[PDB]
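Student: Dropping the structure in here first, questions after.
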Amino acid sequence: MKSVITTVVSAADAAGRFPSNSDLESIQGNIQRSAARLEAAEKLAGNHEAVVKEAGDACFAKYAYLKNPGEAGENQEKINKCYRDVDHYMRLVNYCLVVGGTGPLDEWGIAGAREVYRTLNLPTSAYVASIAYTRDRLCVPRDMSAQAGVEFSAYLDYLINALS
Amino acid sequence: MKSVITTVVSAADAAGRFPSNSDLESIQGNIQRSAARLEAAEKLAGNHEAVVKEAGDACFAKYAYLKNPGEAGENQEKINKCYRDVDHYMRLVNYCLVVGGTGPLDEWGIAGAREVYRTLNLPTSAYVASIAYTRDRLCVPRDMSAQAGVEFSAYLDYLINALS
Amino acid sequence: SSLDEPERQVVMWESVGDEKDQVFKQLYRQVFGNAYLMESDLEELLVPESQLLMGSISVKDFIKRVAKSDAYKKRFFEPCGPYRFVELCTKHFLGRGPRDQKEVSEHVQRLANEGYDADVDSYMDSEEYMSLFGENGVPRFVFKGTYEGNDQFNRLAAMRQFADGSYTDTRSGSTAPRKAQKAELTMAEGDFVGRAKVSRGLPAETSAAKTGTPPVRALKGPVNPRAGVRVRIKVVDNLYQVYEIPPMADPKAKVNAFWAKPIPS
Amino acid sequence: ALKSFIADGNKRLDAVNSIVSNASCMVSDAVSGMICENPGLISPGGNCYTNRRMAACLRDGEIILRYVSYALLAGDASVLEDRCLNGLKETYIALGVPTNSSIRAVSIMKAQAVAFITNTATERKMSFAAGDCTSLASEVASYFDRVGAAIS
Amino acid sequence: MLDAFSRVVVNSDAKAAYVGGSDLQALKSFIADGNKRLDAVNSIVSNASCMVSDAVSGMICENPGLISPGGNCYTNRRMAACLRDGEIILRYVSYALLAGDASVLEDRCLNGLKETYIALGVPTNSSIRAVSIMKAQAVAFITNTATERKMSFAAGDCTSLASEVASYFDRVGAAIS
Amino acid sequence: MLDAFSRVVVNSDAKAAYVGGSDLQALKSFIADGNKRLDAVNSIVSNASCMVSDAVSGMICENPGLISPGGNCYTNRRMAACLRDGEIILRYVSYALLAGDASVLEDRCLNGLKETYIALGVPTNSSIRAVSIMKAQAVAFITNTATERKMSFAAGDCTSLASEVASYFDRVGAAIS
Amino acid sequence: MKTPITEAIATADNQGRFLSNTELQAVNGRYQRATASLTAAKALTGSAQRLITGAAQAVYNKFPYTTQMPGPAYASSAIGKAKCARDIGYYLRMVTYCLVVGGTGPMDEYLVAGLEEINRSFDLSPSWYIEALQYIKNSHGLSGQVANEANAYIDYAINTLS
Ligand SMILES: C=CC1=C(C)[C@@H](Cc2[nH]c(/C=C3N=C(/C=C4\NC(=O)[C@H](C)[C@H]4CC)C(C)=C\3CCC(=O)O)c(CCC(=O)O)c2C)NC1=O
Ligand SMILES: C=CC1=C(C)[C@@H](Cc2[nH]c(/C=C3N=C(/C=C4\NC(=O)[C@H](C)[C@H]4CC)C(C)=C\3CCC(=O)O)c(CCC(=O)O)c2C)NC1=O
Ligand SMILES: C=CC1=C(C)[C@@H](Cc2[nH]c(/C=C3N=C(/C=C4\NC(=O)[C@H](C)[C@H]4CC)C(C)=C\3CCC(=O)O)c(CCC(=O)O)c2C)NC1=O
Ligand SMILES: C=CC1=C(C)[C@@H](Cc2[nH]c(/C=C3N=C(/C=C4\NC(=O)[C@H](C)[C@H]4CC)C(C)=C\3CCC(=O)O)c(CCC(=O)O)c2C)NC1=O
Ligand SMILES: C=CC1=C(C)[C@@H](Cc2[nH]c(/C=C3N=C(/C=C4\NC(=O)[C@H](C)[C@H]4CC)C(C)=C\3CCC(=O)O)c(CCC(=O)O)c2C)NC1=O
Ligand SMILES: C=CC1=C(C)[C@@H](Cc2[nH]c(/C=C3N=C(/C=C4\NC(=O)[C@H](C)[C@H]4CC)C(C)=C\3CCC(=O)O)c(CCC(=O)O)c2C)NC1=O
Ligand SMILES: C=CC1=C(C)[C@@H](Cc2[nH]c(/C=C3N=C(/C=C4\NC(=O)[C@H](C)[C@H]4CC)C(C)=C\3CCC(=O)O)c(CCC(=O)O)c2C)NC1=O
Ligand SMILES: C=CC1=C(C)[C@@H](Cc2[nH]c(/C=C3N=C(/C=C4\NC(=O)[C@H](C)[C@H]4CC)C(C)=C\3CCC(=O)O)c(CCC(=O)O)c2C)NC1=O
Ligand SMILES: C=CC1=C(C)[C@@H](Cc2[nH]c(/C=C3N=C(/C=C4\NC(=O)[C@H](C)[C@H]4CC)C(C)=C\3CCC(=O)O)c(CCC(=O)O)c2C)NC1=O
Ligand SMILES: C=CC1=C(C)[C@@H](Cc2[nH]c(/C=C3N=C(/C=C4\NC(=O)[C@H](C)[C@H]4CC)C(C)=C\3CCC(=O)O)c(CCC(=O)O)c2C)NC1=O
Ligand SMILES: C=CC1=C(C)[C@@H](Cc2[nH]c(/C=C3N=C(/C=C4\NC(=O)[C@H](C)[C@H]4CC)C(C)=C\3CCC(=O)O)c(CCC(=O)O)c2C)NC1=O
Ligand SMILES: C=CC1=C(C)[C@@H](Cc2[nH]c(/C=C3N=C(/C=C4\NC(=O)[C@H](C)[C@H]4CC)C(C)=C\3CCC(=O)O)c(CCC(=O)O)c2C)NC1=O
Ligand SMILES: C=CC1=C(C)[C@@H](Cc2[nH]c(/C=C3N=C(/C=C4\NC(=O)[C@H](C)[C@H]4CC)C(C)=C\3CCC(=O)O)c(CCC(=O)O)c2C)NC1=O
Ligand SMILES: CCC1=C(C)/C(=C/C2=NC(=C\c3[nH]c(/C=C4\NC(=O)[C@H](C)[C@H]4CC)c(C)c3CCC(=O)O)/C(CCC(=O)O)=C2C)NC1=O
C-alpha cells in the first residue's frame, strides 16, 4: 500500500524507531491537499457512468478492428465487459484520489496487469486510448478546479506510465 | 460405560446366568488389543497441547465469520472457551482408549449435544471441521504404529457421525 | 516468476552512518531470528561489522563470519538437534526450508566430516544465494511465483511464521539456560507439510474480508442500562443508573359536567 | 456488561446523574417550549393533536435522551447508533414528522444539558464538588449534533 | 499495512462501490484535527523513555515475584529484554496513532504474540499490568493532565484521541491474553 | 387447576351463597383488563427460548464452579437437563399468569421440588439465581424495557401484571429454598 | 439482620405482642437519623477509589515489614498486595451497609463473626487493619452529623479488632 502514511512509518519501522519530525512533517501536506484532491473524487463519482460512456467508445473509434471476428471485444457479451474493465480503472483512480497515493493502483490494477493482457491477446495500446481520451477532456474552470485537475490528471497518465 | 466387560456382565445379568465361555472369550480380545490401543492414548496424553491448538486453528481459519460481532466466537474469552470445548473432546477420546470401548463418549459429550448447541447457537458444522482435520492430519509410520491409527481414527469417526 | 509477494529488498548501497543500522537490524532480525543481543553479542561481532564499511568485506563474507561467531553458535548450534541445525541455516541465510531430505542428508553429512565452517560456507557458495540477489543483497524470505513444489511452497513458508511480528527462534530473547529446540519440520521422505503452519505462515495479502462492529447499546427506548460494572478492587459497584421511562397517568372526567342525566322524564 | 471506562472517573458518572435526575423535567420543557415559537401543533392539522400525539412526543424525548445518556455513560458514540440511528430518518418522512420542530427541540436539550454539568442552571443548584466538567461539556455538545445531523 | 484514508477504500472495493461525498466526511473530520493529531504524539515520544521506565517499574513494584529468582525479570538478561519488549508496544501504539487506524499495531508485532509468550514462560497477567500503566500514562499526556510534568500546548481538548489511545491499548491486552 | 373465576365459587360455596354485588365487581375487573392479560402472556412465550438460554448462562458466569469437573453442569447430559429444567419452570409460570391464579404451578411443579433436587444433587442455592434472572426478564417484557428488543403495544399501564408475575417467580424461589 | 426495624419486630415478637408505642418510637428514631446516614453512605461510595488506596499505603508506611518480609501472609507479592487492597474494600463496603441499614447489623454477620480465627490461622495481624481504619476516619472529609454518624461505624470496627 502506497499512501503518504504507509511509506514513512514503514521507513520508520525499518528504522525501528519512534516517528520523528520527518514523519510528522509529511502528514502536514495532507490537510493542504485534501482541499486539492477529493473535490475531483465526487466530481468523478457523480459523473463516472457518463465518463465510461464516452471513453469506452473512444478506443472503438480509434480501433474498429476489435469488432472483427478473432479479436478481443467482438461480441456484445464482451462489449459490456469492454466497458466493465475500464470502469474498474475509473473506480481505482477514485480510490487513490482518496488515499493520496498509488496504493490501490499498484496493488489491484497494475499489480498483475501485463501478464493477463499478454496471454489473452488484449491490446494494451487500446487500453490507454480510453485513458488518454479521459486525460484531454478536462476543463480546469468547468469540471474541477485548476489544482484539482492536475491532481487528477497525473494519476491518469501514470496508468499509461504503468501500462507503457 | 459400554466396554467389553460391561457388555457381557450386563448381558448375563439380563438372562440371570453365570459367565460362560461366551463371556470369557470376549475378554481375551481385550488382551489382543490393549498392547496397541493403549499405545495411542500414551502418545495422545503427552502431545495434546500441540494437537488441540492445531485443531482449533484449522477451524477458525476456515470458519472466519464466527469472529464477527453477534456470533458465538465474539471475544477472547469465547475463543478461550472454544479450546476448552475441544480439549474435553481430546480427553474423552483418551478415556475411550483405556476402557476399550466407546463408554465415555456416548454419555458425557454426545448425550445431550443436540440441545446444548442448538440453544446456545453453537454451530455443529464447525466441530466436524476440526475433528476431521485431526483424522486427516494423521500419519501412521512416524506418529503412531499401524494398529493404533486404525482404532484411534475409528473413535473420531464415532464423534463425526454422532455430531452430524 | 509472477504474482503477489514482497518487492522491497534492502541492498546496502554506498553506506554512510545512518544507512548502517537501517539494514543492520534487518540483518540482526534475519540471521539471528529476531532474538536479543546488544552488549557482548555486539561487542562480539565487532571485527566483522567494522569490516563492511569501505566495502573491504562484502555482505556475503559478513554473514559468513557472523555464523562462525558464537552468537550464532551459542544460540542455534548447541540447543538444537541435527535436524534443527539444517532447518535454521535454510531459514537464516537461504530464506527457505529444506527442499528434500537428501539435501538434509547431504548437509548433516557435511557437518559430520568437513566440520561446521565448511558446512555453513556451502550454504553460501551455491548458486541459490547468488540468484537471490548476489553479494550485496540482504537475505529475506522471497516468494517465487512459479514454485516447483507445493511441498516447497510451505517447506519455505512453514519457516516464516511471523516475519511481520515476533517469531522467537530460541526459547526467549537468547535465554540463559537454553532449552533444546525440537526441529519441527521433520518430514521424512514421501510426505507433505501440515496445514497448521500454512495459514499462519503467509503474509498480509489474502485477508480478503473483515469483521463488523455491532451496535453498542440497547435499542429498546424504555431503556434499562445497568452497565453496572465499575470495579474498585473486588467490591464491584453500580454507577449512575438511569432507571426507566414510566407511563404517565389517566385523565378520567368523573365530573363529566354534561347535560343533567336525571332529567326526570 | 461493564461500560469500559479506563481513566478520569467520578465526573462522567456525575455528569449523567445531573441529567437523568431531571430527564422528565427536561422533556416537559422541550415539549412545552416548542409551542411558543411554533403554535401550529395543537392547531387542527398539526402533529400534536387529539391527546396521543402529545403523548407520543413524550416517548420521543425520553428515548432520545436515554440513548444519548447511554452514549455519555459509555463515553463513545457507538450505542448512540447501534440501537438508535440505524434508519431513523426513514420513519419520520414516511410518517410526516416535520423536521423543523425536531431540529429545534434538540437544541433545547443542548442548552439545558451544558448548564447542568457547569452548574449554571437558574432554578436548581446541585451540591457538586470543586473542579470542572468542561471537557465533558464539549463532549455533550459533540453528541447533540450527531442526532442533529442524522435528523436533518 | 493500511490506514484511515484506505479504511474507507477497502470496504468499498469489496462491493465495487465508488466512494461518494458522504463517505469522506469522516475523513473531513480527519483533516480537521490535522494539527491536533500531531499535537498528541509529540508529547508521547518526548516522554517515551520516562514512560516505559515508569511502566515497568510500577509493574514490578507491585509484583516482586519477578525479582524473585525463577521469576521473569530476575536476571539483567531478562530485565534488559523486558523493557525492550515494552518499548515496541510503546512504539506501535504511536504507529497506530499516526495512521489513525488500528492497522500497524496488529499486522506487525502482535500476530503471533500469545503463543510466543507461552513459549517464553512469560506471566501474561503482569503484561496486562504493564500495558494498563502504559494506557494510563498516555492519556495523561495527550490531555495535558500529566501532573508531574505539564507541557505548553494550544487551546482546546483531545477527548476523542483519548478514547482512540485507550481503544488501541486494549487490543494489546486482548491479544496477549 | 383453579382459575380466578373458580376461586370465587369455592369461597361462596362455603357460605352456601350465590354471587351478588360485592363479589362480582372484582371479577368483572378481571374481564375488563382481560385483553391486557392476553397481551402480556404473548410477550413472554414469543421469545421464551432466548429467556432460558440467557438465564442459565447468567448463573454460570456468576458461579464458575458449576462447569468444573465435579460441577453440577459439567457434562452435556447434565447441562442439557439444566436447559430444560428451566424451561419447565417457565412453562408453568406462564400458565399461572394466563389463568390468573397460582394454583397450577403449586400443584404440578412446586410441590415436592425441594425434596427432588436434594436427592439428585442439584444445588438449590444456585437454582434460585436462574429464576431471579428470569424474574427480571419477564417484568422487562410486559413493560417495554428490554434493552435489545422493543415490542409494539397499545398505550396504557401494566404495572399490576408486573407485580402478579413477580409473585409467581418469587414463590418458585420460596418452594425450593 | 440487626436493623432497628428488625430489632423492634423481634422484640415485640418475643413477647407475643402487637407493635406498641415502645416500638414505633424506635422506628421513628431511625427515620430522624436517616438523612445524616444516607448522605455519609453516598459520600463514602463515590470517594472509595481514594480512601482504599490511600489507606493501603498508610499501612505500608507504619509497618514497612509487610512489603519486604517473604511469606504468604505479607503483601510482598502482587498476589498479596491485591489481596490486601481487597481486605480494606471489605471494611469500607461494610461501613456503607451499616450506614444504609442504620446500626451495626451487616458488618456483624458478614465481617466480625469468626474473624479472630481467620487472623490467627492465616498469621495476619489485626493491627494492620486498625491503621487502615484510622486513615479513613481521618480523611473521609465530612463534618456535622454526617461525620459523627460515619465515625460511629469506623470506631465499631476498631473496637472489634482490639
Ligand atoms: C469527472 C471528470 C470530468 C471530465 C474529464 C469531463 C469530461 C466531460 N465533458 C463533458 C462535456 C463537456 N466538457 C466540456 C469541457 C471542455 N471541452 C473542451 O473542449 C475543453 C478542453 C474543456 C473545458 C472548456 C465542454 C465544453 C462540454 C460540452 C460539449 C462538449 O462535449 O465539448 C461530459 C459530458 C458527456 C460528454 O460530452 O462526454 C464529460 C463526461 N467532465 C467531467 O465531469
Ligand atoms: C476363554 C477362556 C480362557 C480360560 C479358561 C483361561 C485359560 C488359561 N489359563 C492360563 C494360564 C495360567 N493360569 C494360572 C492360574 C493358576 N495357576 C495356578 O497354579 C493357580 C492355582 C491358579 C491361580 C488362580 C497361571 C499361573 C497361568 C500361567 C500364566 C502366568 O503365569 O501368567 C492361560 C495361559 C496359558 C499359556 O499361555 O501358556 C490360559 C489360556 N484363559 C482363557 O482365555
Ligand atoms: C465435559 C464435557 C463438556 C463439553 C463437550 C463442552 C460442551 C459445552 N460447551 C459449552 C460452551 C461453549 N463452547 C464453545 C465452543 C465453540 N462454540 C462455537 O461456536 C464453536 C463452534 C466452538 C469453538 C471450538 C463456546 C464459545 C462456548 C461458550 C458459549 C457462550 O455461552 O457464550 C457449554 C455451556 C457451558 C459453558 O458455557 O461452558 C457446554 C456444556 N463443555 C463441557 O464441559
Ligand atoms: C509450482 C507449483 C504451483 C502450484 C500448484 C500453483 C498453486 C499455488 N497457488 C498459489 C496462490 C494462488 N493460486 C491461485 C489460483 C486459483 N485460485 C482459484 O480460485 C482458482 C481455482 C485458481 C485459478 C485458476 C490464486 C488466486 C492464488 C493467490 C495469490 C496470492 O495470494 O497472492 C501459491 C503460493 C504462491 C502465490 O501466492 O502465488 C501456489 C503454490 N502455483 C504454483 O506456483
Ligand atoms: C517485533 C515485535 C516484538 C515484540 C512484541 C517483542 C516480543 C518479544 N519478547 C521477547 C523476549 C522477552 N520479553 C520479555 C518481557 C516480559 N516478560 C515478562 O514477564 C514481563 C511481564 C515482560 C516485560 C514487560 C522478557 C523478560 C523476555 C526474555 C525472556 C528470556 O529470558 O528468554 C522475544 C524473543 C526475543 C528475545 O528473547 O529477545 C520477542 C520476540 N520483541 C519483539 O521483537
Ligand atoms: C497424538 C497425536 C498426534 C498427531 C495426530 C500428530 C499431529 C501432528 N503432526 C505434526 C507435524 C507434521 N505432520 C506431518 C505430516 C506427515 N508426516 C509425514 O512425513 C507424512 C508424509 C505425513 C503423515 C500424514 C508433517 C510433515 C509434519 C511436520 C511439519 C511441521 O514442521 O509442522 C504436528 C506438529 C508437531 C510435530 O512437529 O510433530 C502435530 C501435532 N502428532 C501428534 O502428536
Ligand atoms: C406481507 C408482508 C409484507 C411486509 C413485511 C413488507 C416487507 C416490505 N417492506 C418493503 C418496503 C419498505 N418498508 C419500509 C419501512 C417502513 N415504511 C414506513 O413508512 C415506516 C417508516 C416503516 C415501518 C416502520 C420502507 C421505508 C420501505 C420502502 C423501501 C425501503 O426503505 O426498504 C417492501 C418493498 C415493497 C413494499 O413496500 O411493499 C416489502 C416487500 N411488505 C409486505 O408485503
Ligand atoms: C412556553 C414557553 C416556554 C419556553 C420558551 C421554555 C423556556 C426555556 N428555558 C430554557 C432554559 C432552561 N430550561 C431548563 C429546564 C428546566 N428547568 C428546570 O429546573 C426543569 C428541570 C426544567 C423545566 C421546568 C433549565 C435548567 C434551563 C437553563 C436555565 C439556567 O440557565 O439556569 C431554554 C433553552 C435556552 C434558551 O434558548 O433560552 C428555553 C427555550 N420553556 C417554556 O415553558
Ligand atoms: C511501586 C512503584 C511505583 C511506580 C514506579 C509508579 C508507576 C506508576 N506511574 C503511574 C502514573 C503516571 N506515570 C506517568 C509517567 C510520567 N510522569 C511524568 O510526567 C514523566 C514524564 C513520566 C515518567 C516519570 C504519568 C504522566 C502518570 C499519570 C499520573 C501523573 O500525571 O503522574 C501509575 C498509575 C497508572 C495506573 O493507575 O494504571 C503507576 C502505577 N507508581 C508506583 O506505585
Ligand atoms: C509536528 C508538529 C506539530 C504539533 C505538535 C502540533 C502542535 C499544535 N496543536 C495545535 C492545535 C490544537 N491542538 C488542540 C489540542 C490540544 N491542545 C491542548 O491543549 C491539548 C493538550 C491538546 C489535545 C491533543 C486543539 C483543540 C487545537 C486547535 C485545532 C487545530 O488547530 O488543529 C496547533 C495550532 C495552534 C498553535 O499554534 O499552538 C499546533 C501548532 N501541530 C503540528 O504541526
Ligand atoms: C456472565 C454472563 C452474563 C449474562 C449472559 C448476562 C445475563 C443477564 N441478563 C439479565 C437481564 C435480561 N436479560 C434479558 C434477555 C434477553 N433480552 C432479549 O431481548 C432477548 C430475548 C434475551 C437474550 C437473548 C432481558 C430482557 C433482561 C432485562 C433487561 C435487560 O437487561 O435487557 C440479567 C439480570 C440481572 C439480575 O437481575 O441478576 C443477567 C444476569 N449477564 C451476565 O453477567
Ligand atoms: C389472541 C391474542 C390477543 C393478544 C396478544 C392481545 C392483543 C391486544 N392487546 C390489546 C390492548 C392493550 N394491551 C395493553 C398492554 C400493554 N400495553 C403496554 O404498553 C404494556 C407493554 C402492556 C402491559 C402488559 C394495554 C394497556 C391495552 C389497551 C386496552 C386495555 O387496556 O384494555 C388489544 C385491544 C386494543 C388494541 O390494541 O387494538 C388487543 C387486541 N389481545 C388478544 O386477543
Ligand atoms: C457511580 C456513581 C458515582 C458518582 C455520581 C460520582 C459522584 C462522586 N464524585 C466524587 C468526586 C468528584 N466529583 C467531581 C465532579 C464535579 N465537580 C465539579 O466541579 C463539577 C460541577 C462536577 C462534574 C460535573 C470532582 C471534580 C471530584 C473530585 C475529583 C475526583 O475525585 O475524581 C466523589 C467523591 C467525593 C465525595 O462525594 O465524597 C463521588 C462519590 N462518583 C461515582 O462513583
Ligand atoms: C467480607 C469479610 C472478609 C474478611 C475481613 C476477609 C479476610 C481474609 N483475608 C485473607 C488473606 C490475606 N489478607 C492479606 C492482607 C494483608 N496482609 C498484609 O501484609 C497487608 C498489611 C494486609 C492488607 C492490608 C494477605 C496478604 C492475605 C493472603 C494470606 C494467605 O493467603 O496466606 C483471607 C484468606 C483468603 C484470601 O482472601 O486469600 C481471608 C478470609 N475475608 C472476608 O471474606
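Going by what the header records, the deposited coordinates were determined by electron microscopy, 4.3 Å.
Even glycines carry a Cβ here, placed using N, Cα and C.
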Student: Which residue among F:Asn72, F:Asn125 does Swiss-Prot mark as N4-methylasparagine?
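Tutor: According to Swiss-Prot, the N4-methylasparagine annotation belongs to F:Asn72.
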Student: Cα within 10 Å of F:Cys82 ((2R,3E)-phycoerythrobilin 1 binding site): which of the binding-site residues F:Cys50, F:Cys61, F:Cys158 qualify?
Tutor: none
Student: Which one is it: of the recorded positions F:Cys50, F:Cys61, F:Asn72, whose Cα lies the shortest distance from the Cα of F:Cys158 ((2R,3E)-phycoerythrobilin 2 binding site)?
Tutor: F:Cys50
Student: For F:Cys82 ((2R,3E)-phycoerythrobilin 1 binding site), list the number of other Cβ atoms lying within 10 Å of its Cβ atom.
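Tutor: Excluding its own Cβ, F:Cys82 ((2R,3E)-phycoerythrobilin 1 binding site) sees 22 Cβ atoms within 10 Å.
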Student: Specify the secondary structure state of F:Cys82 ((2R,3E)-phycoerythrobilin 1 binding site) as given by DSSP, simplified to three classes.
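Tutor: The three-state answer is helix.
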Student: About how far apart, in whole Å, are the alpha carbons (Cα) of F:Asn72 (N4-methylasparagine) and F:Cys61 (phycourobilin binding site)?
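Tutor: Cα of F:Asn72 (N4-methylasparagine) to Cα of F:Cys61 (phycourobilin binding site) measures 14 Å after rounding.
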Student: On a simple 10 Å Cβ count over all chains shown, which one of the binding-site residues F:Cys50, F:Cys61, F:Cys158 is most densely packed?
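Tutor: When each Cβ's neighbours within 10 Å are tallied, F:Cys158 leads.
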Student: When you measure from the Cβ of F:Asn72 (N4-methylasparagine), how many other Cβ atoms are you left with inside 10 Å?
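Tutor: Result for F:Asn72 (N4-methylasparagine): 20 neighbouring Cβ atoms inside 10 Å.
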